[PDB]
file start-v8.cif (mmCIF, N, CA, C and O atoms and all ligand atoms)
data_input
loop_
_atom_site.label_atom_id
_atom_site.label_comp_id
_atom_site.auth_asym_id
_atom_site.auth_seq_id
_atom_site.Cartn_x
_atom_site.Cartn_y
_atom_site.Cartn_z
N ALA Z 19 -62.01 182.03 145.77
CA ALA Z 19 -61.97 181.81 144.30
C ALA Z 19 -62.81 182.86 143.58
O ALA Z 19 -63.94 182.58 143.16
N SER Z 20 -62.27 184.07 143.47
CA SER Z 20 -62.97 185.17 142.82
C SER Z 20 -62.15 185.90 141.76
O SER Z 20 -62.75 186.61 140.95
N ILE Z 21 -60.82 185.77 141.75
CA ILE Z 21 -60.02 186.40 140.70
C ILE Z 21 -59.20 185.38 139.91
O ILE Z 21 -58.83 184.33 140.44
N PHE Z 22 -58.95 185.71 138.65
CA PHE Z 22 -58.15 184.88 137.77
C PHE Z 22 -56.80 185.54 137.52
O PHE Z 22 -56.74 186.72 137.12
N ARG Z 23 -55.73 184.77 137.72
CA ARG Z 23 -54.37 185.20 137.46
C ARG Z 23 -53.76 184.34 136.36
O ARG Z 23 -54.22 183.23 136.12
N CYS Z 24 -52.73 184.87 135.70
CA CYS Z 24 -51.93 184.10 134.76
C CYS Z 24 -51.32 182.92 135.50
O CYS Z 24 -50.67 183.09 136.51
N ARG Z 25 -51.55 181.72 135.00
CA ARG Z 25 -51.02 180.51 135.60
C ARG Z 25 -49.49 180.46 135.63
O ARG Z 25 -48.89 179.87 136.54
N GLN Z 26 -48.85 181.06 134.63
CA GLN Z 26 -47.40 180.98 134.51
C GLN Z 26 -46.64 181.96 135.39
O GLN Z 26 -45.49 181.70 135.76
N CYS Z 27 -47.26 183.07 135.77
CA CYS Z 27 -46.55 184.10 136.52
C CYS Z 27 -47.32 184.82 137.63
O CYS Z 27 -46.70 185.50 138.44
N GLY Z 28 -48.65 184.70 137.67
CA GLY Z 28 -49.43 185.38 138.71
C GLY Z 28 -50.00 186.74 138.40
O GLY Z 28 -50.70 187.32 139.23
N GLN Z 29 -49.71 187.28 137.22
CA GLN Z 29 -50.30 188.54 136.78
C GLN Z 29 -51.82 188.52 136.98
O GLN Z 29 -52.46 187.56 136.58
N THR Z 30 -52.39 189.57 137.58
CA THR Z 30 -53.85 189.67 137.71
C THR Z 30 -54.47 189.88 136.32
O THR Z 30 -54.04 190.78 135.61
N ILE Z 31 -55.47 189.06 135.95
CA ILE Z 31 -56.07 189.13 134.60
C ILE Z 31 -57.57 189.44 134.60
O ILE Z 31 -58.00 190.34 133.88
N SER Z 32 -58.38 188.70 135.36
CA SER Z 32 -59.82 188.95 135.38
C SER Z 32 -60.49 188.50 136.68
O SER Z 32 -59.81 188.20 137.67
N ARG Z 33 -61.82 188.47 136.69
CA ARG Z 33 -62.59 188.18 137.89
C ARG Z 33 -63.78 187.33 137.50
O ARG Z 33 -64.33 187.50 136.40
N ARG Z 34 -64.20 186.45 138.40
CA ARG Z 34 -65.37 185.61 138.17
C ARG Z 34 -66.62 186.46 137.90
O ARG Z 34 -67.45 186.10 137.06
N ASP Z 35 -66.72 187.59 138.58
CA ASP Z 35 -67.83 188.53 138.40
C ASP Z 35 -67.93 189.13 137.00
O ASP Z 35 -68.97 189.67 136.64
N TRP Z 36 -66.84 189.04 136.24
CA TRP Z 36 -66.79 189.59 134.88
C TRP Z 36 -67.02 188.54 133.79
O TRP Z 36 -66.89 188.86 132.61
N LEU Z 37 -67.37 187.32 134.17
CA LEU Z 37 -67.74 186.30 133.18
C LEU Z 37 -68.95 186.74 132.37
O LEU Z 37 -69.87 187.37 132.90
N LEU Z 38 -68.93 186.41 131.08
CA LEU Z 38 -69.93 186.89 130.13
C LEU Z 38 -70.57 185.72 129.38
O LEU Z 38 -69.91 185.06 128.59
N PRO Z 39 -71.87 185.45 129.63
CA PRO Z 39 -72.55 184.40 128.85
C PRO Z 39 -72.86 184.82 127.41
O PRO Z 39 -73.95 185.33 127.13
N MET Z 40 -71.90 184.61 126.52
CA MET Z 40 -72.08 184.83 125.08
C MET Z 40 -72.86 183.66 124.49
O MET Z 40 -72.39 182.53 124.50
N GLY Z 41 -74.05 183.94 123.96
CA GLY Z 41 -74.91 182.90 123.40
C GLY Z 41 -75.46 181.94 124.44
O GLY Z 41 -75.77 180.80 124.12
N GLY Z 42 -75.57 182.39 125.69
CA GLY Z 42 -76.13 181.58 126.77
C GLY Z 42 -75.14 180.80 127.62
O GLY Z 42 -75.54 180.10 128.55
N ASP Z 43 -73.85 180.90 127.30
CA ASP Z 43 -72.81 180.17 128.04
C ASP Z 43 -71.49 180.94 127.97
O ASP Z 43 -71.05 181.34 126.89
N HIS Z 44 -70.84 181.13 129.12
CA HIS Z 44 -69.53 181.79 129.13
C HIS Z 44 -68.43 180.87 128.60
O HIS Z 44 -67.37 181.35 128.23
N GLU Z 45 -68.71 179.56 128.54
CA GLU Z 45 -67.74 178.56 128.06
C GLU Z 45 -68.02 178.12 126.62
O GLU Z 45 -69.12 177.65 126.32
N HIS Z 46 -67.02 178.27 125.76
CA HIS Z 46 -67.09 177.84 124.37
C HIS Z 46 -65.86 177.02 124.04
O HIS Z 46 -64.74 177.47 124.27
N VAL Z 47 -66.05 175.82 123.51
CA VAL Z 47 -64.93 174.97 123.10
C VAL Z 47 -64.76 175.01 121.59
O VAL Z 47 -65.69 174.75 120.85
N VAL Z 48 -63.55 175.34 121.16
CA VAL Z 48 -63.29 175.68 119.77
C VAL Z 48 -61.95 175.11 119.33
O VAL Z 48 -61.12 174.77 120.17
N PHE Z 49 -61.75 174.99 118.02
CA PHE Z 49 -60.48 174.56 117.44
C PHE Z 49 -59.95 175.59 116.47
O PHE Z 49 -60.73 176.21 115.73
N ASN Z 50 -58.64 175.74 116.42
CA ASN Z 50 -58.00 176.54 115.38
C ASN Z 50 -57.61 175.71 114.15
O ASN Z 50 -57.78 174.49 114.13
N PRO Z 51 -57.13 176.37 113.08
CA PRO Z 51 -56.77 175.62 111.87
C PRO Z 51 -55.67 174.56 112.05
O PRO Z 51 -55.57 173.64 111.24
N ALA Z 52 -54.86 174.68 113.11
CA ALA Z 52 -53.86 173.68 113.46
C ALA Z 52 -54.41 172.53 114.33
O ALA Z 52 -53.64 171.69 114.82
N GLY Z 53 -55.73 172.51 114.54
CA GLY Z 53 -56.39 171.42 115.24
C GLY Z 53 -56.32 171.51 116.76
O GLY Z 53 -56.78 170.60 117.46
N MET Z 54 -55.72 172.58 117.29
CA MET Z 54 -55.64 172.75 118.73
C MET Z 54 -57.01 173.09 119.27
O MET Z 54 -57.71 173.94 118.70
N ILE Z 55 -57.40 172.40 120.34
CA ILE Z 55 -58.66 172.67 121.04
C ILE Z 55 -58.43 173.67 122.17
O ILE Z 55 -57.41 173.61 122.86
N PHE Z 56 -59.35 174.61 122.33
CA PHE Z 56 -59.27 175.59 123.42
C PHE Z 56 -60.60 175.63 124.14
O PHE Z 56 -61.65 175.68 123.50
N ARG Z 57 -60.56 175.56 125.47
CA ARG Z 57 -61.73 175.80 126.30
C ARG Z 57 -61.70 177.28 126.64
O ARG Z 57 -60.91 177.72 127.48
N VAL Z 58 -62.53 178.05 125.95
CA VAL Z 58 -62.53 179.50 126.06
C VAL Z 58 -63.63 179.96 127.01
O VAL Z 58 -64.79 179.58 126.86
N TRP Z 59 -63.23 180.77 127.99
CA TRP Z 59 -64.18 181.46 128.87
C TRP Z 59 -64.27 182.92 128.42
O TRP Z 59 -63.26 183.59 128.28
N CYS Z 60 -65.49 183.39 128.20
CA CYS Z 60 -65.70 184.77 127.77
C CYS Z 60 -65.86 185.67 128.99
O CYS Z 60 -66.59 185.33 129.92
N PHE Z 61 -65.16 186.80 128.96
CA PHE Z 61 -65.23 187.80 130.00
C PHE Z 61 -65.57 189.14 129.36
O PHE Z 61 -65.09 189.45 128.27
N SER Z 62 -66.39 189.93 130.05
CA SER Z 62 -66.67 191.27 129.58
C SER Z 62 -65.45 192.17 129.70
O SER Z 62 -65.31 193.15 128.96
N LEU Z 63 -64.56 191.83 130.64
CA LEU Z 63 -63.46 192.68 131.01
C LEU Z 63 -62.26 191.85 131.45
O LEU Z 63 -62.42 190.76 132.00
N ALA Z 64 -61.08 192.39 131.20
CA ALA Z 64 -59.82 191.82 131.67
C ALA Z 64 -58.79 192.91 131.71
O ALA Z 64 -58.98 193.99 131.14
N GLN Z 65 -57.70 192.64 132.42
CA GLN Z 65 -56.61 193.56 132.62
C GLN Z 65 -55.30 192.78 132.60
O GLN Z 65 -55.29 191.54 132.60
N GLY Z 66 -54.19 193.51 132.57
CA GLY Z 66 -52.86 192.92 132.66
C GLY Z 66 -52.44 192.14 131.43
O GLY Z 66 -51.50 191.34 131.50
N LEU Z 67 -53.17 192.32 130.33
CA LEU Z 67 -52.85 191.69 129.06
C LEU Z 67 -52.10 192.68 128.20
O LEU Z 67 -52.03 193.85 128.53
N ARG Z 68 -51.50 192.17 127.13
CA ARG Z 68 -50.94 192.98 126.06
C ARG Z 68 -51.60 192.49 124.78
O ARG Z 68 -51.45 191.32 124.42
N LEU Z 69 -52.32 193.39 124.11
CA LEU Z 69 -53.05 193.06 122.88
C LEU Z 69 -52.14 193.32 121.70
O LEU Z 69 -51.62 194.44 121.54
N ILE Z 70 -51.96 192.30 120.87
CA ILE Z 70 -50.92 192.29 119.84
C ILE Z 70 -51.44 192.62 118.45
O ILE Z 70 -52.37 191.98 117.97
N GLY Z 71 -50.83 193.61 117.80
CA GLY Z 71 -51.13 193.93 116.41
C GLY Z 71 -52.51 194.53 116.22
O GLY Z 71 -53.09 195.11 117.15
N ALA Z 72 -53.05 194.39 115.02
CA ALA Z 72 -54.35 194.94 114.68
C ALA Z 72 -55.34 193.80 114.45
O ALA Z 72 -54.93 192.68 114.16
N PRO Z 73 -56.65 194.09 114.57
CA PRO Z 73 -57.63 193.00 114.50
C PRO Z 73 -57.72 192.29 113.15
O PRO Z 73 -57.42 192.88 112.11
N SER Z 74 -58.17 191.04 113.20
CA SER Z 74 -58.42 190.24 112.01
C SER Z 74 -59.73 189.48 112.17
O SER Z 74 -60.05 189.03 113.26
N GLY Z 75 -60.47 189.33 111.09
CA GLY Z 75 -61.69 188.50 111.07
C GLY Z 75 -61.45 187.05 110.68
O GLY Z 75 -62.35 186.22 110.78
N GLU Z 76 -60.23 186.74 110.24
CA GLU Z 76 -59.93 185.41 109.68
C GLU Z 76 -60.11 184.32 110.73
O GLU Z 76 -59.56 184.40 111.82
N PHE Z 77 -60.92 183.31 110.37
CA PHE Z 77 -61.20 182.16 111.25
C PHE Z 77 -61.87 182.50 112.59
O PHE Z 77 -61.82 181.70 113.52
N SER Z 78 -62.51 183.67 112.69
CA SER Z 78 -63.09 184.07 113.98
C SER Z 78 -64.15 183.08 114.46
O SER Z 78 -65.03 182.69 113.69
N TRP Z 79 -64.05 182.70 115.74
CA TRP Z 79 -65.01 181.78 116.36
C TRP Z 79 -66.33 182.44 116.74
O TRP Z 79 -67.30 181.75 117.06
N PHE Z 80 -66.37 183.77 116.73
CA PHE Z 80 -67.54 184.50 117.17
C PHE Z 80 -67.99 185.41 116.04
O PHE Z 80 -67.25 186.29 115.63
N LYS Z 81 -69.20 185.18 115.54
CA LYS Z 81 -69.69 185.86 114.36
C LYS Z 81 -69.75 187.37 114.56
O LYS Z 81 -70.26 187.84 115.56
N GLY Z 82 -69.21 188.10 113.60
CA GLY Z 82 -69.24 189.56 113.64
C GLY Z 82 -68.09 190.20 114.38
O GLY Z 82 -67.99 191.43 114.39
N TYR Z 83 -67.22 189.39 115.01
CA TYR Z 83 -66.07 189.91 115.76
C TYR Z 83 -64.75 189.65 115.08
O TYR Z 83 -64.53 188.59 114.49
N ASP Z 84 -63.88 190.64 115.19
CA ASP Z 84 -62.50 190.56 114.77
C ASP Z 84 -61.64 190.38 116.02
O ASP Z 84 -61.99 190.85 117.09
N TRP Z 85 -60.52 189.68 115.88
CA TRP Z 85 -59.73 189.32 117.05
C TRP Z 85 -58.32 189.86 117.01
O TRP Z 85 -57.76 190.08 115.93
N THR Z 86 -57.76 190.07 118.21
CA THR Z 86 -56.34 190.32 118.40
C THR Z 86 -55.86 189.35 119.47
O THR Z 86 -56.58 189.07 120.44
N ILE Z 87 -54.65 188.85 119.29
CA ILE Z 87 -54.02 187.97 120.28
C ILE Z 87 -53.81 188.75 121.59
O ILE Z 87 -53.38 189.90 121.57
N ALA Z 88 -54.16 188.11 122.70
CA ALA Z 88 -53.95 188.67 124.03
C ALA Z 88 -52.89 187.83 124.75
O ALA Z 88 -53.11 186.64 125.03
N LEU Z 89 -51.74 188.44 125.00
CA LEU Z 89 -50.70 187.83 125.81
C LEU Z 89 -50.80 188.33 127.24
O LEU Z 89 -51.29 189.43 127.49
N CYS Z 90 -50.33 187.51 128.18
CA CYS Z 90 -50.05 188.03 129.51
C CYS Z 90 -49.08 189.19 129.34
O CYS Z 90 -48.03 189.06 128.71
N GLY Z 91 -49.43 190.35 129.90
CA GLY Z 91 -48.59 191.54 129.81
C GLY Z 91 -47.29 191.44 130.59
O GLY Z 91 -46.35 192.19 130.34
N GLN Z 92 -47.23 190.51 131.53
CA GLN Z 92 -46.06 190.30 132.35
C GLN Z 92 -45.12 189.29 131.72
O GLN Z 92 -43.98 189.62 131.40
N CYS Z 93 -45.60 188.07 131.49
CA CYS Z 93 -44.72 186.97 131.06
C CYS Z 93 -44.80 186.60 129.58
O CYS Z 93 -43.94 185.86 129.09
N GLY Z 94 -45.79 187.11 128.86
CA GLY Z 94 -45.93 186.84 127.43
C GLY Z 94 -46.68 185.56 127.08
O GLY Z 94 -46.84 185.23 125.90
N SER Z 95 -47.17 184.85 128.09
CA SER Z 95 -47.97 183.65 127.86
C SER Z 95 -49.20 183.98 127.02
O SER Z 95 -49.86 184.99 127.24
N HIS Z 96 -49.51 183.15 126.03
CA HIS Z 96 -50.71 183.38 125.25
C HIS Z 96 -51.95 182.99 126.05
O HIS Z 96 -52.23 181.82 126.24
N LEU Z 97 -52.70 184.00 126.50
CA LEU Z 97 -53.85 183.78 127.38
C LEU Z 97 -55.19 183.75 126.64
O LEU Z 97 -56.18 183.25 127.18
N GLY Z 98 -55.23 184.28 125.43
CA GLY Z 98 -56.45 184.24 124.64
C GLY Z 98 -56.51 185.32 123.60
O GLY Z 98 -55.52 185.58 122.92
N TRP Z 99 -57.68 185.94 123.46
CA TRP Z 99 -57.94 186.92 122.40
C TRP Z 99 -58.87 188.02 122.90
O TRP Z 99 -59.73 187.78 123.75
N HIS Z 100 -58.69 189.22 122.35
CA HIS Z 100 -59.64 190.30 122.50
C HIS Z 100 -60.47 190.38 121.23
O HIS Z 100 -59.93 190.32 120.13
N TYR Z 101 -61.78 190.45 121.39
CA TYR Z 101 -62.70 190.53 120.28
C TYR Z 101 -63.31 191.94 120.23
O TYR Z 101 -63.62 192.53 121.26
N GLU Z 102 -63.44 192.48 119.02
CA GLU Z 102 -64.00 193.81 118.83
C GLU Z 102 -64.69 193.91 117.48
O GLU Z 102 -64.72 192.94 116.71
N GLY Z 103 -65.25 195.09 117.20
CA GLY Z 103 -65.90 195.34 115.92
C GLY Z 103 -67.27 194.68 115.74
O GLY Z 103 -67.84 194.72 114.65
N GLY Z 104 -67.80 194.10 116.82
CA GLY Z 104 -69.07 193.38 116.75
C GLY Z 104 -70.21 194.19 117.34
O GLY Z 104 -70.15 195.43 117.35
N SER Z 105 -71.24 193.50 117.83
CA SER Z 105 -72.45 194.15 118.36
C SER Z 105 -72.97 193.44 119.61
O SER Z 105 -73.08 192.21 119.63
N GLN Z 106 -73.29 194.23 120.63
CA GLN Z 106 -73.96 193.76 121.86
C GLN Z 106 -73.37 192.46 122.43
O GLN Z 106 -74.01 191.41 122.40
N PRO Z 107 -72.14 192.54 122.99
CA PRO Z 107 -71.32 193.75 123.13
C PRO Z 107 -70.43 194.01 121.92
O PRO Z 107 -70.18 193.10 121.13
N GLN Z 108 -69.93 195.24 121.80
CA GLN Z 108 -68.98 195.55 120.72
C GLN Z 108 -67.67 194.79 120.90
O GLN Z 108 -67.06 194.39 119.92
N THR Z 109 -67.26 194.61 122.16
CA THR Z 109 -65.99 193.98 122.49
C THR Z 109 -66.13 193.01 123.67
O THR Z 109 -67.03 193.14 124.50
N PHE Z 110 -65.24 192.03 123.73
CA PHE Z 110 -65.12 191.15 124.92
C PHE Z 110 -63.79 190.41 124.86
O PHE Z 110 -63.07 190.52 123.86
N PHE Z 111 -63.47 189.65 125.91
CA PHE Z 111 -62.27 188.82 125.93
C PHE Z 111 -62.62 187.34 125.95
O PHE Z 111 -63.50 186.90 126.69
N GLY Z 112 -61.90 186.56 125.16
CA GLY Z 112 -62.02 185.11 125.20
C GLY Z 112 -60.70 184.57 125.71
O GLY Z 112 -59.69 184.65 125.01
N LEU Z 113 -60.72 184.04 126.93
CA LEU Z 113 -59.51 183.59 127.60
C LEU Z 113 -59.50 182.07 127.76
O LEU Z 113 -60.53 181.45 127.99
N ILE Z 114 -58.32 181.49 127.62
CA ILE Z 114 -58.15 180.04 127.67
C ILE Z 114 -58.14 179.59 129.13
O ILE Z 114 -57.22 179.93 129.89
N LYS Z 115 -59.17 178.85 129.51
CA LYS Z 115 -59.42 178.54 130.93
C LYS Z 115 -58.22 177.93 131.65
O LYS Z 115 -57.89 178.35 132.76
N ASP Z 116 -57.55 176.97 131.03
CA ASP Z 116 -56.49 176.24 131.71
C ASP Z 116 -55.16 177.00 131.76
O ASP Z 116 -54.18 176.49 132.29
N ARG Z 117 -55.13 178.21 131.20
CA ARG Z 117 -53.96 179.08 131.29
C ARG Z 117 -54.10 180.12 132.39
O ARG Z 117 -53.23 180.98 132.55
N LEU Z 118 -55.20 180.04 133.15
CA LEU Z 118 -55.47 180.92 134.28
C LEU Z 118 -55.50 180.09 135.56
O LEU Z 118 -55.74 178.88 135.53
N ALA Z 119 -55.21 180.75 136.69
CA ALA Z 119 -55.38 180.19 138.02
C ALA Z 119 -56.40 181.03 138.78
O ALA Z 119 -56.33 182.26 138.75
N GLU Z 120 -57.34 180.37 139.45
CA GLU Z 120 -58.40 181.04 140.20
C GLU Z 120 -58.10 181.04 141.70
O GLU Z 120 -57.63 180.05 142.26
N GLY Z 121 -58.42 182.15 142.36
CA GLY Z 121 -58.10 182.27 143.77
C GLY Z 121 -58.69 183.51 144.42
O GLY Z 121 -59.46 184.24 143.80
N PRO Z 122 -58.34 183.74 145.69
CA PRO Z 122 -58.93 184.85 146.45
C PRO Z 122 -58.46 186.23 145.96
O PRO Z 122 -57.38 186.36 145.42
N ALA Z 123 -59.30 187.25 146.15
CA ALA Z 123 -58.97 188.61 145.71
C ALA Z 123 -57.90 189.26 146.59
O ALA Z 123 -57.73 188.88 147.75
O1 LIG Z 201 -61.37 183.47 116.92
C1 LIG Z 201 -60.28 182.97 116.72
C2 LIG Z 201 -59.00 183.53 117.32
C3 LIG Z 201 -57.83 183.26 116.39
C4 LIG Z 201 -57.63 181.75 116.26
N1 LIG Z 201 -56.40 181.40 115.54
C5 LIG Z 201 -55.37 180.51 116.08
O2 LIG Z 201 -55.24 180.18 117.46
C6 LIG Z 201 -54.33 180.39 115.03
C7 LIG Z 201 -53.12 179.70 115.07
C8 LIG Z 201 -52.37 179.63 113.89
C9 LIG Z 201 -52.83 180.22 112.71
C10 LIG Z 201 -54.07 180.88 112.68
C11 LIG Z 201 -54.79 180.97 113.86
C12 LIG Z 201 -56.16 181.48 114.10
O3 LIG Z 201 -56.92 182.30 113.23
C13 LIG Z 201 -58.87 181.15 115.59
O4 LIG Z 201 -58.81 180.16 114.88
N2 LIG Z 201 -60.16 181.80 115.86
ZN ZN Z 202 -48.07 185.56 132.86
#
call {"tool": "encode", "arguments": {"input": "start-v8.cif", "output": "C-alpha cells", "more": "lines below"}}
Ligand SMILES: O=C1CC[C@H](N2C(=O)c3ccccc3C2=O)C(=O)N1
Ligand SMILES: [Zn+2]
result
Amino acid sequence: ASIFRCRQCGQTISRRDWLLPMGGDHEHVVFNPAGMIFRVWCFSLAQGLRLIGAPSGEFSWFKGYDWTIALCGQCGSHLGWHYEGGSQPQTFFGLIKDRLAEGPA
C-alpha cells in the first residue's frame, strides 16, 4: 500500500510518500456550494491527471490558492483539484480520498 490509482480505471495518480500535511493534517473535510462533502487528501505531487481550464479563487477551501479541476487523465473521473498561486507551497493537489485505490508500487 504505497501508490494511489484512479479507482475507476487504474491510472497511476500519486504515492503515500507524497502526502502533504497542509495546516498540520493531510486530510481536510470540506463542502462545496451544492452541499457535497469531500474527504480531501493533500499531496505535494501527482501524475496522470488532466487539469481543466484556468484557475479560479471562487469558493477556494485553501486560503491564498486558486484551483483548477483535476480529472483522471485516462477515464475523466473527477479526482480533485490542483491548487496554485499561493505560498509555501505555491502549488499542491487536493484529491478525493474515496476516488482513489491504494496498493503496491
Ligand atoms: O477549493 C475548492 C475547489 C472547487 C470547489 N467547487 C465545487 O466542487 C463546485 C461544484 C459546483 C459549483 C461550484 C463548485 C466549487 O467552487 C469548491 O467549492 N472549493
Ligand atoms: Zn480513471
call {"tool": "closest_residue", "arguments": {"input": "start-v8.cif", "among": "Z:122, Z:39, Z:107, Z:73", "to": "ligand LIG 201 (chain Z)", "atoms": "only C-alpha atoms and all ligand atoms"}}
result
Z:73
call {"tool": "residues_near_ligand", "arguments": {"input": "start-v8.cif", "ligand": "ligand ZN 202 (chain Z)", "cutoff": "7 Å", "atoms": "only N, CA, C and O atoms and all ligand atoms", "output": "list in words"}}
result
residues 23, 24, 25, 26, 27, 28, 29, 66, 89, 90, 91, 92, 93, 94, 95 and 117 of chain Z
call {"tool": "residues_near_ligand", "arguments": {"input": "start-v8.cif", "ligand": "ligand LIG 201 (chain Z)", "cutoff": "12 Å", "atoms": "only C-alpha atoms and all ligand atoms", "output": "VMD selection string"}}
result
chain Z and resid 46 to 58 60 70 73 to 88 96 to 102 110 to 114
call {"tool": "closest_residue", "arguments": {"input": "start-v8.cif", "among": "Z:103, Z:20, Z:31, Z:36", "to": "residue 68 of chain Z", "atoms": "only C-alpha atoms"}}
result
Z:31
call {"tool": "closest_residue", "arguments": {"input": "start-v8.cif", "among": "Z:72, Z:45, Z:21, Z:104", "to": "residue 59 of chain Z", "atoms": "all atoms listed in the file"}}
result
Z:45
call {"tool": "atom_distance", "arguments": {"input": "start-v8.cif", "atom1": "atom N of residue 116 of chain Z", "atom2": "atom C of residue 38 of chain Z"}}
result
15.8 Å
call {"tool": "select_by_dssp", "arguments": {"input": "start-v8.cif", "residues": "chain Z", "states": "strand (DSSP E)", "output": "PyMOL selection string"}}
result
chain Z and resi 21-24+30-33+45-49+55-61+67-74+84-90+96-102+110-114+118-121
call {"tool": "atom_distance", "arguments": {"input": "start-v8.cif", "atom1": "atom CA of residue 120 of chain Z", "atom2": "atom CA of residue 65 of chain Z"}}
result
14.7 Å
call {"tool": "atom_distance", "arguments": {"input": "start-v8.cif", "atom1": "atom CA of residue 109 of chain Z", "atom2": "atom CA of residue 41 of chain Z"}}
result
14.3 Å
call {"tool": "select_by_dssp", "arguments": {"input": "start-v8.cif", "residues": "chain Z", "states": "helix (DSSP H, G or I)", "output": "mmCIF file with N, CA, C and O atoms, keeping the file's coordinate frame"}}
result
data_model
loop_
_atom_site.group_PDB
_atom_site.id
_atom_site.type_symbol
_atom_site.label_atom_id
_atom_site.label_comp_id
_atom_site.auth_asym_id
_atom_site.auth_seq_id
_atom_site.Cartn_x
_atom_site.Cartn_y
_atom_site.Cartn_z
ATOM 1 N N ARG Z 34 -64.200 186.450 138.400
ATOM 2 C CA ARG Z 34 -65.370 185.610 138.170
ATOM 3 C C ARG Z 34 -66.620 186.460 137.900
ATOM 4 O O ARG Z 34 -67.450 186.100 137.060
ATOM 5 N N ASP Z 35 -66.720 187.590 138.580
ATOM 6 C CA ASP Z 35 -67.830 188.530 138.400
ATOM 7 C C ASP Z 35 -67.930 189.130 137.000
ATOM 8 O O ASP Z 35 -68.970 189.670 136.640
ATOM 9 N N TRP Z 36 -66.840 189.040 136.240
ATOM 10 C CA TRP Z 36 -66.790 189.590 134.880
ATOM 11 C C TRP Z 36 -67.020 188.540 133.790
ATOM 12 O O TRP Z 36 -66.890 188.860 132.610
ATOM 13 N N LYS Z 115 -59.170 178.850 129.510
ATOM 14 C CA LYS Z 115 -59.420 178.540 130.930
ATOM 15 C C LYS Z 115 -58.220 177.930 131.650
ATOM 16 O O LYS Z 115 -57.890 178.350 132.760
ATOM 17 N N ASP Z 116 -57.550 176.970 131.030
ATOM 18 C CA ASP Z 116 -56.490 176.240 131.710
ATOM 19 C C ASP Z 116 -55.160 177.000 131.760
ATOM 20 O O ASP Z 116 -54.180 176.490 132.290
ATOM 21 N N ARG Z 117 -55.130 178.210 131.200
ATOM 22 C CA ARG Z 117 -53.960 179.080 131.290
ATOM 23 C C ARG Z 117 -54.100 180.120 132.390
ATOM 24 O O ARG Z 117 -53.230 180.980 132.550
#
